[PDB]
Amino acid sequence: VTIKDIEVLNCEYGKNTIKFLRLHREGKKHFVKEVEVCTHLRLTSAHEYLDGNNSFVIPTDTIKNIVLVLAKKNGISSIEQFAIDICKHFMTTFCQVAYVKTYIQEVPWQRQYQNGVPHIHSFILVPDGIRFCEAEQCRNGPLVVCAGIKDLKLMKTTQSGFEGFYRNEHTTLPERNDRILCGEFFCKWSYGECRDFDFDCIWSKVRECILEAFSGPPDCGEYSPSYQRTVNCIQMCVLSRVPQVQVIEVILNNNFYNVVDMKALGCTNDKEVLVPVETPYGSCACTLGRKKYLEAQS
Amino acid sequence: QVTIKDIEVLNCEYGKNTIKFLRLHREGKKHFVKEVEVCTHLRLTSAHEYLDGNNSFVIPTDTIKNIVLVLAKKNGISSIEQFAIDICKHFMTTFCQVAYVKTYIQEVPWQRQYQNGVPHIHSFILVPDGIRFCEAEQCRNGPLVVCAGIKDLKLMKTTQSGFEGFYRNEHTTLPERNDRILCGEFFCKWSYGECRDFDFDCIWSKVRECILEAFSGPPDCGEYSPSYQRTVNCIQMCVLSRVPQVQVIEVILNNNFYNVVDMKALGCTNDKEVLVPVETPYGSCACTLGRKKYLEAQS
Amino acid sequence: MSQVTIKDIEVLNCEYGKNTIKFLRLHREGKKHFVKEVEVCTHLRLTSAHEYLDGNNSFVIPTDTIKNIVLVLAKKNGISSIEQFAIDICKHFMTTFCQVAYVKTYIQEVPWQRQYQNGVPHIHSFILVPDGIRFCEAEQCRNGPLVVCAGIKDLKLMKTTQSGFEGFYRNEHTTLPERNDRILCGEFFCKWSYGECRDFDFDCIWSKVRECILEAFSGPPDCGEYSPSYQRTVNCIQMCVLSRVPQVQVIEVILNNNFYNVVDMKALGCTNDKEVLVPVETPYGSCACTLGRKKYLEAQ
Amino acid sequence: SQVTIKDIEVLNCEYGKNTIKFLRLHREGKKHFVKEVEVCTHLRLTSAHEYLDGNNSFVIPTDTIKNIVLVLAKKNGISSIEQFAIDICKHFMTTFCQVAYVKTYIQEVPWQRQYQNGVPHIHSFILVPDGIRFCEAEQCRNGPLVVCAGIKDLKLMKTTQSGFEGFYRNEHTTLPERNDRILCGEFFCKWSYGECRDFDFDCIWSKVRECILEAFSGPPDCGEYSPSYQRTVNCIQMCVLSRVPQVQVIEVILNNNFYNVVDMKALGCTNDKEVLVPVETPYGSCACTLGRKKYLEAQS
Ligand SMILES: O=c1[nH]c(=O)c2nn[nH]c2[nH]1
Ligand SMILES: O=c1[nH]c(=O)c2nn[nH]c2[nH]1
Ligand SMILES: O=c1[nH]c(=O)c2nn[nH]c2[nH]1
Ligand SMILES: O=c1[nH]c(=O)c2nn[nH]c2[nH]1
Ligand SMILES: [Cl-]
Ligand SMILES: [Cl-]
Ligand SMILES: [Cl-]
Ligand SMILES: [Cl-]
Ligand SMILES: [Cl-]
Ligand SMILES: [Cl-]
Ligand SMILES: [Cl-]
Ligand SMILES: [Cl-]
Ligand SMILES: [Cl-]
Ligand SMILES: [Cl-]
Ligand SMILES: [Cl-]
Ligand SMILES: [Cl-]
């Protein structure tokens, strides 16, 4: 074996979990954006791996310094714009960069309120689904922006079943038309190259679509015949209501809530006491894209 | 070569940990959930299972789990405090070999979903903005004592915080500061003693409100904190002033310092614009205050 | 709170009916034919709303039945005047159906005129002449008065002078010049109440009110009469009707105007001395006034 | 006997400018945005000297109303027709002390941006009337500024899951009971926000439209049985009130068209609900206004 028999399929490096708070003051009123940033590069050469020559390597320490400098100089209007600014900086500054990817997630600080009055400078951590984004670009290619929400845990106590599935000698699952639907969601969507809109406004709108499609209307809900169908309802709601979304990926990790058999304990459990099964757990995942966007890619 | 005769049993305790279940209640089409994690521990009047390999008096931890689930079905859960009381009372009445029972309960923070201000009949979202818990305990022929609390409560203010005039010595490099970020993860636990005649949910919400308001100060100007320790005291004194049911209050503040990154070498000036949190190592302070009247009554 | 129920909600109004019931009533006196072609709308409010609130139709009179009743009454009673026919329809509903809380009948005439050859009326031939559509309206609530209104709409009148608009309120957004000699062109909606009085010749009084509107609009035929605004012309019409027609208790007049602009033709190398005028159809001005006799208003 | 001003009461005086049509164009670089509207603004003045005395001193010309609408569109832009109607009413109330009352009605021209291969066109539009959006704002001196929004000329049809049975029977009722007809309705829907203006007008208008379509239709896989036009109106209103707390009062008018299964027996074939002929006149109407008890009590 020698270097000549071996092909480099991929080389990538970067700085992970760069944590900082960007503070902005309008007189007495304070605004915060706390983020965690990961920035990864692929270089046009691999001399650092193949030859022990570091000449082209931008230290990961420099990646961190650049992220902090851009936050200071530019501020953070949206994590998407900040991710774009970082990718653009790397592409326009370093000719040895073949590819840049920036991942950002928001720390979910909310302003405190007292009797409906917003506090000028006090905040509470409220994780109701983590906001993230991702920007990436190859040399001479498009800068593509994705946004998402993860660690989003939703549960409805009825309007859920799973019936009429494939049966075989190892299938013991009963048909059910009235279970708890409990899901941890990862949702990620692509804007492609479109960046003419309010990133915060569209992110909020997509989140609203996910919750409403999951839940159905507040007065009656909507029957889910499978986790898979609920994923589809979420994706089709987003695509129907948010033209900026070109491609949407949803992953639902479910937890079954078992109605505990209490016969042997001398009472009847009419869907009163339910025990969650956290492992093993089921998952389903789907990615839908607009035909017109995918054809335009070719 | 040591025998039972050379050795003293100082403590023996056992139990069931992380009993997880959802209690579902339906009022027509409107669904209500209480999902909890329960730990119930017992001390028995004897230690034959340890000393002699004799299990005659041991209540299986499996039976502890069965009892918790049966009581949830039969009684429901009006509040986790009432459920913890019901579990402790059940063990003390039912089993004469129980010397002591302690029940710890924490709520899974499900919130009802709203669409355009309309509450959803049966859909919920997980929102961990401080975990509600309680603890009930009782020794044979002693009082059943109930505590409630909130933990993993993370609060931050961006100003009205300093730490000055502290003790200096040859290993003290900390500068005096009058304008830092105050970021704290709070554990708060309070005792009601034996009083259980009031709305547990209403009082818990009121104590939480006092913690947030005392931490923050008024929304138009805030309030200067001269230390983490003083902020803990302000929280405790606010709760005791506004919530007569609270006899004893413990607060633990785990802080994170946010450093203003020196950017001189990167050719720019950072005027408290970019701050980097230090998560480890981290400072902690803890205080427990009690009402003199309640502590004297204990004697 | 997840949905509203009937308990959180007030029914402010529930009304239904049949609209644009079109028919011709033909009457023959030997060879001589008489026509009355009408368009009828009849609306009911019922004493309950179970059809809306509960999906229960037990008390609902089908709108198809409303149509049948209007056609049957036209056959049985004839149409002496649209007002008497509207009265007959309201009375039928109130006396027949205990579930009717309120009835309103609106009728308009199709404006057929008999053809004339050298002043001789044709026995059976007619021409459509829409020079102001005649209508009426009768309504009654259970245990209340049956009230009759008559009117004329789509009446378009124009005079070429004796019209101005001067001395109006001026402000930074007011560019309108003062004018003392413009075209006054108005499309009129006129509606008047007789209240409960129905002892007179409906056709005769309707014709008299129409005559008053035309004469008050126009002024005397040898000189006319100066109008200082659309609003003043509306008042002159209303005060003429009230002066000459005692049966009219309350009168509503709506004037939708069209301004005729004297085209500036300077750039086209000629002078337009109020010779060529271009109507502005949108946007358009409107004014509306309702006057009532103090005696009638006090009495109710 | 000639009547004088002393015998007569002025019950109502109102005037205004109707059908003010314009397009507001906004450019963000190459990308063009349009809002084309039709505005009517009406005033009641604190005096009626223009009618009673031929004195125009207090009259704001309708031409000035038009100028103000155009000036406000230029200065403010149009984020929503509701905000524009608010801006017009506020301008009149705060500018003219002789104004007792202002009402502004606005409807949108339904321009939609063109798309090619999923790509929105920077500056090209097509007219797509799928229900006309309108709003109405009004205010009396020292009274609340009240905003209403609506959709009209909205024509919806389902081909089954509709009947009308169990209705009141009488000697003039020939309508057969039916459990499987076409339900075809032209809807006028208007709702009041009262004084609440803390929400996104465009977002809530779209949400109310969605409620109307979904309540009319039922779920797309099975639909929902309608036992009357009246019950369908109620389902629409109760869906909107359940889902849209901002709606205080909702009025729905359903004008229906019956589709008759043509009897083709004499033409030698059987028509099994294959060929249906719409009856456009006469036509049935039903109308309901529901209000929240809390809002109506707060008014008194
Ligand atoms: O909705 C469901 N989808 C599945 O794929 C599945 N497998 N077990 N239960 C299930 N429920
Ligand atoms: O508020 C503070 N208390 C302390 O005890 C401390 N120690 N370092 N910084 C500190 N700040
Ligand atoms: O007679 C008129 N009345 C009005 O109110 C008006 N407004 N513009 N022109 C007008 N002329
Ligand atoms: O649904 C209906 N409502 C009515 O009131 C009616 N009248 N005729 N047909 C009708 N259908
Ligand atoms: Cl808060
Ligand atoms: Cl929510
Ligand atoms: Cl500092
Ligand atoms: Cl005290
Ligand atoms: Cl009723
Ligand atoms: Cl003729
Ligand atoms: Cl002129
Ligand atoms: Cl004439
Ligand atoms: Cl006269
Ligand atoms: Cl006056
Ligand atoms: Cl209101
Ligand atoms: Cl209500």
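The sequence lines fix the lettering, A, B, ..., with proteins before strands; numbering per chain opens at 1. Just so you know, these numbers use all the heavy atoms, side chains as well, and skip hydrogens, waters and symmetry mates.
Under 3.5 Å, the side chains of D:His42 and D:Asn18 contain a donor-acceptor pair of N or O atoms.
The interface of residues 166-180 of chain C with chain D, defined by heavy-atom distances below 4.5 Å, comprises C:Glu166, C:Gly167, C:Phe168, C:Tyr169, C:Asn171, C:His173, C:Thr174, C:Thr175, C:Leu176. Residues of residues 92-107 of chain D that come closer than 4.5 Å to chain C, counting heavy atoms only, are D:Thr95, D:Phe96, D:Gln98, ordered by residue number.
Contact of D:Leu52 with chain C is made through backbone and side chain together, with heavy-atom distances under 4.5 Å. There is no contact between D:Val39 and chain C, counting heavy-atom distances below 4.5 Å. Contact of D:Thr64 with chain C is made through backbone and side chain together, with heavy-atom distances under 4.5 Å. Proximity to chain C (any heavy atom under 4.5 Å) is restricted, for D:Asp63, to the side chain, taken from C-beta onward. Only the side chain of D:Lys66 comes within contact range of chain C, judged by heavy atoms closer than 4.5 Å. Proximity to chain C (any heavy atom under 4.5 Å) is shown, for D:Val10, by both the backbone and the side chain.
A salt bridge links D:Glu214 to D:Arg243: one of the charged nitrogens lies within less than 4.0 Å of a carboxylate oxygen. Looking at D:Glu14 and D:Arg44, a side-chain N of the basic residue comes within less than 4.0 Å of a carboxylate O on the acidic one, giving a salt bridge. The residues C:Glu252 and C:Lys191 are annotated as not salt-bridged, no charged nitrogen and carboxylate oxygen being separated by less than 4.0 angstrom.
Of all the listed residues (D:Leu70, D:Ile8, D:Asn67, D:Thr281), the one sharing the greatest number of non-hydrogen pairs under 4.5 Å with chain C is D:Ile8. Chosen from D:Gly284, D:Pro227, D:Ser242, D:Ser285, the residue pairing most often with chain C at heavy-atom distances under 4.5 Å is D:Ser285.
Nearest heavy atoms, C:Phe23 versus C:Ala74: CE1-CB, 3.4 Å.
You'll find the side chain of D:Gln230 reaches within 4.5 Å of the side chain of C:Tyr16, heavy atoms only.
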